[PDB]
Amino acid sequence: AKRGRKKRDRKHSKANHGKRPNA
Amino acid sequence: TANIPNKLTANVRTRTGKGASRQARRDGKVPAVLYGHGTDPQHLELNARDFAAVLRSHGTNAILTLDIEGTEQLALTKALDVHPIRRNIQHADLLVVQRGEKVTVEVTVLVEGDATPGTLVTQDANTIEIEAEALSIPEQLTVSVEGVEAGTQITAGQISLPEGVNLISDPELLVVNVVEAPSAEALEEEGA
Amino acid sequence: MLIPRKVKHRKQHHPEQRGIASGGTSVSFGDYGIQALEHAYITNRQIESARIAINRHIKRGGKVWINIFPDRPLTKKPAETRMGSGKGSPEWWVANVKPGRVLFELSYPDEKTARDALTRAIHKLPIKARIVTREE
Amino acid sequence: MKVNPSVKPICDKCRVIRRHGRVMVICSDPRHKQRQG
Amino acid sequence: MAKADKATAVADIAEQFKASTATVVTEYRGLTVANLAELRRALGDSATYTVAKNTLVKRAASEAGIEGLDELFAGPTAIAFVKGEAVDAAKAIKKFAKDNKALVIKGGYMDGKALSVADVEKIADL
Amino acid sequence: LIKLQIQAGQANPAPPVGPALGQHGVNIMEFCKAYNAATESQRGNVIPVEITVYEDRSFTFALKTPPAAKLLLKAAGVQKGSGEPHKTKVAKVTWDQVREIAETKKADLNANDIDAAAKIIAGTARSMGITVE
Amino acid sequence: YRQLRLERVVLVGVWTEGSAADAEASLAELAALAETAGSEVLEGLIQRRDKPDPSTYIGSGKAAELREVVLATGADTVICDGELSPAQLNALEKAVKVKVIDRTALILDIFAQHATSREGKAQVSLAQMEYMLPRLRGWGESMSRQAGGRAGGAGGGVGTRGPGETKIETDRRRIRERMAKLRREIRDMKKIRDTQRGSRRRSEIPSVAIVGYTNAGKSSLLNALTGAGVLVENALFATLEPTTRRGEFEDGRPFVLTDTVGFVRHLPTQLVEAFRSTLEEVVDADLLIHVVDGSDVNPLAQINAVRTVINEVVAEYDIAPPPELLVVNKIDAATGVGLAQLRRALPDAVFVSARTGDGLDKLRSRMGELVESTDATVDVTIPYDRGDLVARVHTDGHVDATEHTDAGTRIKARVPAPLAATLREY
RNA sequence: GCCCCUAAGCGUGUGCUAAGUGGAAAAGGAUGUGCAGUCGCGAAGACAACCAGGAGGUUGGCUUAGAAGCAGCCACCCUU
Ligand SMILES: Nc1nc2c(ncn2[C@@H]2O[C@H](COP(=O)(O)OP(=O)(O)CP(=O)(O)O)[C@@H](O)[C@H]2O)c(=O)[nH]1
């Protein structure tokens, strides 16, 4: 389950501010 | 029992609140109030390391001469606010007292001997309410279970009190009862 | 295991775990305690396993106090069923714990084996813990 | 060796050491040679 | 180390310097007790085989004030007593320089002054 | 060099003393001659023997004696004891030969010290509970 | 493994053959087994049918009689003292309208709870699973109304319907497959037993074992005859794994004494398959200890049933059956005045009581007697320069060490081949 | 966001990291390395070192093939 973890651990960037859509 | 008031200092606090108290506790201070019969609601700022140095050595009922903007006032530590998981000190009540006054406190009691070695000794309540003079408040009243058979109740009448100290709580509540020591069958048959 | 004799409401909501424990946060009966540091749904069998793991290491002496009681049931919808048509039957019995809440208490003479037995108890619980005493 | 994620001393004759990035137990009795990874 | 108990003991051990006039100084080299039990039990009549391991023969002798010597720490130095029985324990341990063979002659406290080795043998005779 | 605390009423009856005569390249019963001529002529109140052969094949003893714990084994009473420490009393000892409690051996294992009597008043005594009253 | 609630049971059983007393004897084990699983037993009806019915085990009307009794006592269960097919136990369910779960299922389940070691758990799931393979359509809820089908079969083209197989096949394949993984897993565990018994294999030692049906003792005889305290619960199947301890008589060779699981009558031929541990032992022994209770109505019965299982073992492994000693226990505390009968014609009817009353003196002295031949005997002249001749001469297992002299030692003892060996120089 | 791709800082001052940590993760294991107090000894030269020190009645019991300081263990009031 690498793909879901990499897709929803992208919200921890400074340009997303802790939140992303569908994650 | 005649002890010496622990010298200290405490400046009066400018601004009260939640954020101001948190900012004060972020700098090494402890907030406090100094109510009592003198009618001095005094919003103070103690120091944490000195206050814990007084507390963890001279008991919890520690008399404090304290310099509040240039005046030494004797004050007894009434109640404390300790955080349950950080175990620091978050507040302090300092009841203003003067000498000669009989005041009521709650001291902790301890045990001395071992037992008879075939029994288990269990504390029940390690607090005793007593009425003593302000510069006479004792600490760590000692109870002795030394070669004492099981079936024993040491209630709150058999404690020996020092000079001038009267009781408050009745002499019918248990302090140390000594029950006969169980075995492995009584450990497996108690709690299932 | 430890089960209640009867309960008023058989199917209940999940007990919300938020905030710090405002009652229990001191050692009251015994000499050494186990103070929780995280939230958990500590169940029936975990309490039984920790009590067994204490009594295996203190063989004959001292009391042991279980301060918490599992009386909050959790249900479980049965096997391979789609989602719908009723809350399931009550399966698990759970006690709710918060940080600070002292779980187990122990009196024993030997101070080394007391902390040994309490670490043996701590290793069966689903959270982190501590060995606090009845003094400061 | 008995390699597993939890090395710790067994007897009163063995030490732990940190060597080449791995933490390992070394003993005079060679049954107790453990290393982590 | 703690100077309280050690100083108040060994300063009086070296204050027995001030009361007496003769104690003999030997060397300890370590053996069984089972071969030194006969030594201290038989020919130490009222005397000792004490270490003073390398400890306090010059610093804790200032209450005597007659410490006009340097070699009180030099090598190992013993404190066997011949105050009451002068020639007895002295030559009774000097025979263990041919029996025990784990000591030599150093010399020591005779009359409070520093005597030569040849003449302390001459007065251990005379 | 093997010492002992085995029983002392022996005339080569058993594997303890018989093979002790029959070891190390000596005569068969020449130490047995002197042993049953001297020691158990003094009725044999417990006597160990440490092997101190010279080149001329001889080794002599003293009046060997248990310490102040089990002096009663030599002097007064029964030949028994217990097995745990600090246990029940078995017999009692008076104070006649209590300057003779030290008249057997005043040694230590190490190089450390002396006065095995002031040792023996509580050293090798609390291991069983054999008493002096 | 399944765990719910009962405690309300009405037991039933066809008396196809056997004496009257013999018949209710079976129903009785069922009571003890039922209670050993912990459930109150209410009534209990037995019929006399020369052979069961292919639809309802007991009958048609008898099923009707049971229907009312289940409404009377409200018993939530019914257990049948026999092995019953999937069909019979499904029809009898619409009749009485309650649990109609047979005996083999009681025993298989007791083994689930009472068994601890991981190995023991695995063998159980095999059994329970092999018992549930032949019951899938019957538990046909997964196929209950699985009529959602009717898939078109134009075929020779798109169907996109994936099932390229019937659902029963696909489902059967899964249970059969899991059963196969476990099968290889269990056979591997064999190497762990063998390796945990390498020391005993080598250094040949004696090896008495204790066979016997359940509740006959066995683990009482061991806890007393040697030392040690193993579960000695008064219930059924209290030992679900073999134990071994050391002990000896004059011949200190270990007389290693093993304790085993219990052989009830009519094994469920399932969980027992994997209970090979007890049987691996029976094969590799120097004696057996059939323990039988005198507090039993007819002791001779269990003697034969148990002996039968021992029969099959010797048959497969082609072995000369080991010497076997049958020791009666529960005597003395003998809740049995029918004691004399056995004594009239029973070998070694020692009044072993194992509890108070001992009785173990004669057995111990008569135990080493049947064990396999010793093989050490020797008399020699040892020089005084021993210090070594003691090799094991005195310090050995059975080394006699029973003769002496002044000259070294005219020892006259016994010595094994690898110990004093040939070294001894007369 | 500012070394080059790629516009703008291989920016300035004080510290940390040796893991490419930075640039995924748990119960738990652990002689990493900075900080801050505490506790005895505490630049007495304590501590480490070269080292005399080797069967005290030391083959004790509980017992004896011996119970060969020493299968096991329930105690170290012990001293030039
Ligand atoms: N009254 C009495 N009971 C005895 C005596 N000897 C043994 N028992 C009974 O036998 C039981 C012990 O044997 P047990 O451990 O049950 O044998 P087991 O075969 O291992 C039981 P399992 O079926 O689990 O293997 C005890 O419950 C005890 O009541 C006796 O002399 N008198």
# chains A, B, ... in the order shown; residues from 1 in each chain; ligands from 1
>>> residues_around(residues="residue 85 (chain B)", least_positions_apart="3", cutoff="12 Å", atoms="only C-alpha atoms (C1' of nucleotides)", output="list in words")
residues 82, 88 and 89 of chain B; 20, 21, 22, 24, 25, 26, 35, 36, 37, 38, 98, 99, 100, 101, 102, 129, 130 and 132 of chain C
>>> residues_around(residues="residue 6 (chain A)", least_positions_apart="6", cutoff="12 Å", atoms="only C-alpha atoms (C1' of nucleotides)", output="PyMOL selection string")
(chain A and resi 12+23) or (chain H and resi 24-25)
>>> residues_near_ligand(ligand="ligand 1", cutoff="8 Å", atoms="only C-alpha atoms (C1' of nucleotides) and all ligand atoms", output="PyMOL selection string")
chain G and resi 212-221+230-240+259-262+295+329-335+351-358
>>> residues_around(residues="residue 175 (chain B)", least_positions_apart="5", cutoff="6 Å", atoms="only C-alpha atoms (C1' of nucleotides)", output="tab-separated table (two decimals) with C-alpha atoms, in the first residue's frame")
chain	number	residue	atom	x	y	z
B	124	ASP	CA	-5.10	2.87	54.58
B	125	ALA	CA	-4.97	6.69	54.69
B	154	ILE	CA	-3.95	1.04	64.33
B	155	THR	CA	-6.64	3.71	64.17
>>> interface_residues(of="chain C", to="chain H", cutoff="10 Å", atoms="only C-alpha atoms (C1' of nucleotides)", output="number ranges by chain")
C: 123, 126-128
>>> residues_around(residues="residue 15 (chain A)", least_positions_apart="5", cutoff="12 Å", atoms="only C-alpha atoms (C1' of nucleotides)", output="PyMOL selection string")
(chain A and resi 10+20) or (chain H and resi 1)
>>> interface_residues(of="chain H", to="chain D", cutoff="9 Å", atoms="only C-alpha atoms (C1' of nucleotides)", output="PyMOL selection string")
chain H and resi 28-32
>>> residues_around(residues="region 95-111 of chain F", least_positions_apart="4", cutoff="9 Å", atoms="only C-alpha atoms (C1' of nucleotides)", output="PyMOL selection string")
(chain E and resi 30-38+41) or (chain F and resi 62-68+71+115-118+120+132-133) or (chain H and resi 53-58)
>>> select_by_dssp(residues="region 46-125 of chain B", states="alpha helix (DSSP H)", output="list in words")
residues 48, 49, 50, 51, 52, 53, 54 and 55 of chain B
>>> interface_residues(of="chain C", to="chain G", cutoff="12 Å", atoms="only C-alpha atoms", output="compact mmCIF listing (two decimals) with N, CA and C atoms, in the first residue's frame")
# COMPACT_ATOMS: atom_id res chain seq x y z
N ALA C 79 -19.83 -11.87 10.80
CA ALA C 79 -18.89 -12.06 9.68
C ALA C 79 -19.37 -11.94 8.25
N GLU C 80 -18.56 -11.28 7.42
CA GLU C 80 -18.88 -11.17 6.02
C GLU C 80 -20.31 -10.79 5.79
N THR C 81 -20.71 -9.63 6.30
CA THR C 81 -22.06 -9.13 6.07
C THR C 81 -21.92 -7.74 5.51
N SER C 89 -24.19 -7.29 17.93
CA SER C 89 -24.30 -7.70 19.32
C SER C 89 -23.07 -7.25 20.10
N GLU C 91 -19.82 -7.37 21.81
CA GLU C 91 -18.72 -8.33 21.78
C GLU C 91 -17.69 -8.07 22.86
>>> residues_around(residues="region 44-56 of chain E", least_positions_apart="4", cutoff="9 Å", atoms="only C-alpha atoms (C1' of nucleotides)", output="ChimeraX atom specification")
/E:6-7,10-11,14,23,26-28,36,39-40,60-61,72-82,84-85,88-90,92-93 /H:80
>>> closest_atom_pairs(of="chain H", to="chain F", cutoff="12 Å", atoms="only C-alpha atoms (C1' of nucleotides)", output="CSV")
residue,atom,partner,partner_atom,distance
H:52,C1',F:111,CA,9.5
H:53,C1',F:111,CA,5.0
H:54,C1',F:109,CA,8.0
H:55,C1',F:1,CA,7.9
H:56,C1',F:108,CA,4.4
H:57,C1',F:66,CA,4.9
H:58,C1',F:3,CA,8.2
H:59,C1',F:4,CA,4.8
H:60,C1',F:5,CA,5.3
H:61,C1',F:83,CA,5.7
H:62,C1',F:83,CA,4.2
H:63,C1',F:83,CA,8.9
H:64,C1',F:6,CA,7.4
H:65,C1',F:15,CA,7.6
H:66,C1',F:16,CA,7.0
H:67,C1',F:6,CA,10.1
H:68,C1',F:2,CA,6.9
H:69,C1',F:3,CA,9.9
H:73,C1',F:84,CA,8.6
H:74,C1',F:84,CA,5.5
H:75,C1',F:127,CA,5.2
H:76,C1',F:123,CA,7.9
H:77,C1',F:122,CA,6.0
H:78,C1',F:123,CA,4.3
H:79,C1',F:113,CA,5.4
H:80,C1',F:113,CA,6.3
>>> write_last_selection(atoms="C-alpha atoms (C1' of nucleotides)", output="PDB file, in the first residue's frame")
ATOM      1  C1'   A H  52      52.985  -9.583  46.614  1.00  0.00           C
ATOM      2  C1'   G H  53      47.281 -11.202  48.301  1.00  0.00           C
ATOM      3  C1'   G H  54      45.420 -18.973  46.230  1.00  0.00           C
ATOM      4  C1'   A H  55      42.614 -24.136  49.265  1.00  0.00           C
ATOM      5  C1'   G H  56      40.328 -19.556  57.992  1.00  0.00           C
ATOM      6  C1'   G H  57      38.342 -25.395  61.049  1.00  0.00           C
ATOM      7  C1'   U H  58      37.274 -23.821  53.472  1.00  0.00           C
ATOM      8  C1'   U H  59      36.417 -32.319  51.022  1.00  0.00           C
ATOM      9  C1'   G H  60      31.633 -28.192  56.611  1.00  0.00           C
ATOM     10  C1'   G H  61      26.504 -28.810  56.966  1.00  0.00           C
ATOM     11  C1'   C H  62      21.331 -30.000  53.903  1.00  0.00           C
ATOM     12  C1'   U H  63      25.298 -34.725  54.973  1.00  0.00           C
ATOM     13  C1'   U H  64      28.828 -39.123  54.100  1.00  0.00           C
ATOM     14  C1'   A H  65      30.957 -42.425  45.630  1.00  0.00           C
ATOM     15  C1'   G H  66      33.848 -37.926  47.374  1.00  0.00           C
ATOM     16  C1'   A H  67      29.849 -34.531  48.448  1.00  0.00           C
ATOM     17  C1'   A H  68      37.439 -33.319  46.475  1.00  0.00           C
ATOM     18  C1'   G H  69      37.167 -23.976  48.259  1.00  0.00           C
ATOM     19  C1'   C H  73      20.633 -23.508  48.043  1.00  0.00           C
ATOM     20  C1'   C H  74      17.670 -21.081  52.116  1.00  0.00           C
ATOM     21  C1'   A H  75      23.705 -16.405  55.703  1.00  0.00           C
ATOM     22  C1'   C H  76      27.981 -12.860  54.684  1.00  0.00           C
ATOM     23  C1'   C H  77      26.978  -9.370  63.900  1.00  0.00           C
ATOM     24  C1'   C H  78      32.532 -11.370  61.302  1.00  0.00           C
ATOM     25  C1'   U H  79      39.222  -8.609  61.313  1.00  0.00           C
ATOM     26  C1'   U H  80      46.752  -6.012  63.069  1.00  0.00           C
TER      27        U H  80
END
